[PDB]
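The structure appears below as structure tokens.
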There are 2 protein chains.
Amino acid sequence: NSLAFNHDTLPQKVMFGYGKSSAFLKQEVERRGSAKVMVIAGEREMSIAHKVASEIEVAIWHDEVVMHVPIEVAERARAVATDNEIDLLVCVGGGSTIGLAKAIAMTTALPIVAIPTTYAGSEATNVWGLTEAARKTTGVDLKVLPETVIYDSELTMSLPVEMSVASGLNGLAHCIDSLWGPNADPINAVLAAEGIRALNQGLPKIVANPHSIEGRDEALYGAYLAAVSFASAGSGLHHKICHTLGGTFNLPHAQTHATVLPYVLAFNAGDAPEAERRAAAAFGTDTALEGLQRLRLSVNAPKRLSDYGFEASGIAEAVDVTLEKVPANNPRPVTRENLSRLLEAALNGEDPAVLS
Amino acid sequence: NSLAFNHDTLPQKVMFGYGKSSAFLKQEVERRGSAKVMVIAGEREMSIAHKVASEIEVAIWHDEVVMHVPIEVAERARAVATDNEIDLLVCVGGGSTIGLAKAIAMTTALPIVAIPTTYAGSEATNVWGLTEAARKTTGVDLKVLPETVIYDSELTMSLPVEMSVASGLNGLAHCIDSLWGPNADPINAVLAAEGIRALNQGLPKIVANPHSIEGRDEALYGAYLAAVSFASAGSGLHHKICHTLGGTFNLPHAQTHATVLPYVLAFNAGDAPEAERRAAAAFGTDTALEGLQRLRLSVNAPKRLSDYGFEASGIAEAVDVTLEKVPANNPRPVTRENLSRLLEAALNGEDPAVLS
């Protein structure tokens, strides 16, 4: 067997710099010639957005940003964009905010400039998500990928240490799960490793100093590369487990990713030796699980799903819904029984080494 | 002085696999619905181009491929494209073949599927070149970036070892110069280092066995990442020198790049510590230069520009033409004297360490 892969590199501009968001946005809106800019920021994020968009003229400030992007919310937002003749969408915030921008792009094909404030990386994917009648639906479309991403670490400094850490490990999970993702390839693999390197350097710095320019820059850069890698490599076992835990059991997104990650690594590591070594090298340790555990310890990462309401009684259904979602090419064959044992370890915070 | 950059990730699909070019081309043409394909290949690659396009219908076979892409040759190719209502360009061959496809796309906006047979990496850049009125210039245009690249190392099995080595070192130069390029950033940096790793591994395996699938795949993969890095980082000192030597003195392309590289590395290394350490790590050696020198010895690399007819009497002019083209941000300040000394070293193949 010789090297074989099919890789898609997605078009995107990335403007990166502490304190430069308002100046970058001005430059981008000038470069584009946009006449009617729509700023999307959650009601609680909206004062920051005003400061970020201070150097441009804004036609509409839209603050109905809602988790899981309900279709009626997306419908109202499309109407505002359409009724106001908007020609540029600008989103300032996290996944739900970027998610609303995406939902508008789906039907309007309006371009998006994303100005993210967390490490979830939705700005780097062509994946959209909608909820309608308690049913979440997703898809892929180049129209939903932001054309430009403006990363300004100053905008992430008010994110509390615990949430910053949780969110950073969500980004780290985009990197690690992608190393054995359904469409893993050498390119998305190098980018995932670089993401691990950056997040591993940045997150301890954030814990020690939440206004660390160096550390917040490393984390935000790392989150970017994590997401770009994930958009190419596709969702692996980790993301399928978390999809279920969030979708069926409504557990908190970031903390769930944070908690599930080390168990999936331990579960798959033995059967994905090349991924394991690359991750190891990115952490600067002999093994990847050692790298992750040390980081988790230094960062006081989440340890148990039971701390977010998940019970042992919910593992049967958890396994039941996820099992079919798992990629056929997951390094280690997944079974109802070994997926149940993984969730038991993540539920109660056992040593992940137990799943090796 | 915190991290700041503006990075353009260019859209591209890359399909990779020994023996798969004809099946990939079929897939690509069918996915596009293309009805009037034009295959571009020099006479010496036409037999091979016919085999590569054996699973598709080809409207036009065009073999007028000429080094430096004369404007008259570009103009004839564009007319064939337009007269025949061509809807897809497919190029099979090296730099000059890909160069002609690019020249056609400049005016027609036709998409290009590139099927490369060397390591020059033109298939991964948005750089075009034309020669008009005895003057060669290059420019940038997104329309010239091939939308898809098909890498099939079977098509490189017959590439002679000397050309393979010289062209591979051309690819290596794309990586190394990009490390201190005018728009060097952390992303093109990590890609450049991945290119160094792949080429350093691959080229010696090709010299050891010209039909090594492992080595041929590594070189081709390396060449891709080198060029993607370079498309982003822009032309640094090395490329400016080589452009002058190829344009004004008509020195052979791959050999000139191969020969000049160690001298530009030796010259800039001390003033680019972060770049030097990254290259060193990629080579797996203590310094970047010893890594490059070990590679060069192991592949019997080109040694001196005098082997291609360059003479000392031409250095003053080379320097004249190049000095003003050097990026203001080159690591070591470039003077008329030290650029002359650099070219004297390359002329006679002196120990590159003479420039450290």
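Letters go in sequence order (proteins before strands), and every chain restarts at 1.
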Any chance the side chains of B:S178 and B:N188 put a donor and an acceptor closer than 3.5 Å? no
Gap between atom NZ of A:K13 and atom CZ of A:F24 - 0.5 Å precision: 10.0 Å
Chain B contact via A:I150 - side chain, backbone, both or neither, heavy atoms under 4.5 Å: neither
Residues in ring-ring contact (aromatic ring centres under 6.0 Å, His included) with A:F5, at least two apart? B:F16
Counting heavy-atom pairs closer than 4.5 Å to chain B, which one of A:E218, A:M15, A:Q12 comes out on top? A:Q12
Regarding A:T148 and A:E28, do their side chains bring together a donor and an acceptor under 3.5 Å, going by distance alone? yes
For B:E274, does the CD atom sit with more than 12 other heavy atoms under 6.0 Å from it, leaving out its own atoms? no
What part of B:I187 lies closer than 4.5 angstrom to a heavy atom of chain A: side chain, backbone, both or neither? both
Can a side-chain donor-acceptor contact be found between A:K102 and A:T125 if the only test is distance below 3.5 angstrom? yes
For the residue pair A:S2 / B:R216, report whether a side-chain donor-acceptor contact shorter than 3.5 Å exists. no
Do any of residues 223-233 of chain A have a heavy atom less than 4.5 Å from a heavy atom of chain B, and if so, which, in residue order? A:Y224, A:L225
